[PDB]
Each structure stands twice: as structure tokens, then as C-alpha cells.
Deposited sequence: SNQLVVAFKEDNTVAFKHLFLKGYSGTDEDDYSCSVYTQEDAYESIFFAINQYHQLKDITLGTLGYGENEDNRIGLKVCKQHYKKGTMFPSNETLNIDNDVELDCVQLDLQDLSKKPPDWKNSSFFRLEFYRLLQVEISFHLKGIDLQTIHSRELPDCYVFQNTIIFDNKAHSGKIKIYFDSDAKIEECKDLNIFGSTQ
């Protein structure tokens, strides 16, 4: 459970998945956005970087299995419930979409034009992207005589819970040692 390996990977993930990430966290969150375009650009950047991860990462990474034993990312949006001037009820509605690698690979990407991604920011509490990545620590392949395999449970949160006109973008990564699943490491062929 090498803290350095867990930590060094997280920094690299912030640079890969957070559009415009300056290199240092802004406060408790990694960065923020103040406009609808920047919010959409940041959400779509994270998704497109996951899709193309194979040709981006400089690590010994691979896609990981999710709760259903499938590879892909989940996108959740929490909105205040609407009704029939201020058309909002305090009841929160949670919508989710699972995007498989085939869905992202499709040309044109039909997911971008979905009604799910037409956000209503005036009643939006947050958007949460979540995906799993499997990585190997090669500094222990020769030491242990069996590679230290890690499972990263990555989560990107676009928190708009303040409703102050700024969205705080958080990047969480939970690493856990695991056994090898014989999953393909991006670079190897």
C-alpha cells in the first residue's frame, strides 16, 4: 500500500482528467469554473480523456471493472425536482448514465447530444463522473517476484451546491492493493 505510488498516480490523474489543471489544488478542491461553457468543456474533457486513455497515460495502467463487471464510466447528475417563477421543489432527483467504451468509440458520439447532458444549472446540485483504473507498480516487480497491482476508484465531482456562480471540481482517488486480473496494460500488445 505504497503511499507514494498511490499519491504520485493521483497527481497524474488530476493532470489527465481535469481540463486546465494548473498543477496545484485551488483550495480543498482542485479547480473551479465560472461559466456554462467551461463547465461543459470540463465534463466532456474528462470523458474524452477516459476514452483516449490508452494514447495519453505515461503509466502502467489499464481500465478497471465497475460494480456490474463492465468497463466504462458512470455519470450522475443531482438536480432539484421541478413542478407543475421559482419552479423548484427541495426534493432532489438523481439521474445516472453508464457509458461503455463502445458508446464512447461510436462515430459520431451520440452521448454528447443526449438529453442527459443538457444541464439546467439553476437547479443543478452536482455532476459526478466515476471510473475504475487498474495500475502496476513496476518498482516492486523485481523486488517481490510478483507485481503490486492497485485498483483506483476515481471520482470527479462538479459541486454547484453553493449556487454562487462557481462550480468546485474535486478529484478523489481510492487506491487498494489487488491481485492481477490479467487485464490489458495500455501500452502492451
*asked:* Could you spell out the stretches of the deposited sequence that were left without C-alpha coordinates, going in sequence order?
replied: 1 to 3, 88 to 93, 199
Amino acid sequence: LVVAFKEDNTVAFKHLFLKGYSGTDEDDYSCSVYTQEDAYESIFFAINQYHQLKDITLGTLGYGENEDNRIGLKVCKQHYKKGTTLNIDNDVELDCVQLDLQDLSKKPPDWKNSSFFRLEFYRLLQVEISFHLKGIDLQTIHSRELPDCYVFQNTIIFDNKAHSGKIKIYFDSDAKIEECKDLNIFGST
From here on, numbers count along this sequence of modelled residues.
*Looking at the deposited entry, does 71 to 79 or 103 to 111 carry the larger mean Cα B-factor?*
103 to 111
*Of 47 to 55 and 135 to 143, which one has the bigger average CA B-factor?*
135 to 143
*Name the third of the chain's ranked CA B-factors that contains residue 25, choosing lowest, middle or highest.*
lowest
*Place residue 175 in the lowest, middle or highest third of its chain's C-alpha B-factors, as listed in the PDB entry.*
middle
*If you rank every modelled residue in this chain by C-alpha B factor, which third holds residue 148: lowest, middle or highest?*
highest
_What third of the chain does residue 35 rank in for C-alpha temperature factor, lowest, middle or highest?_
lowest
*asked:* Considering every modelled residue of the chain and its Cα B-factor in the PDB entry, is residue 66 in the lowest, middle or highest third?
replied: highest
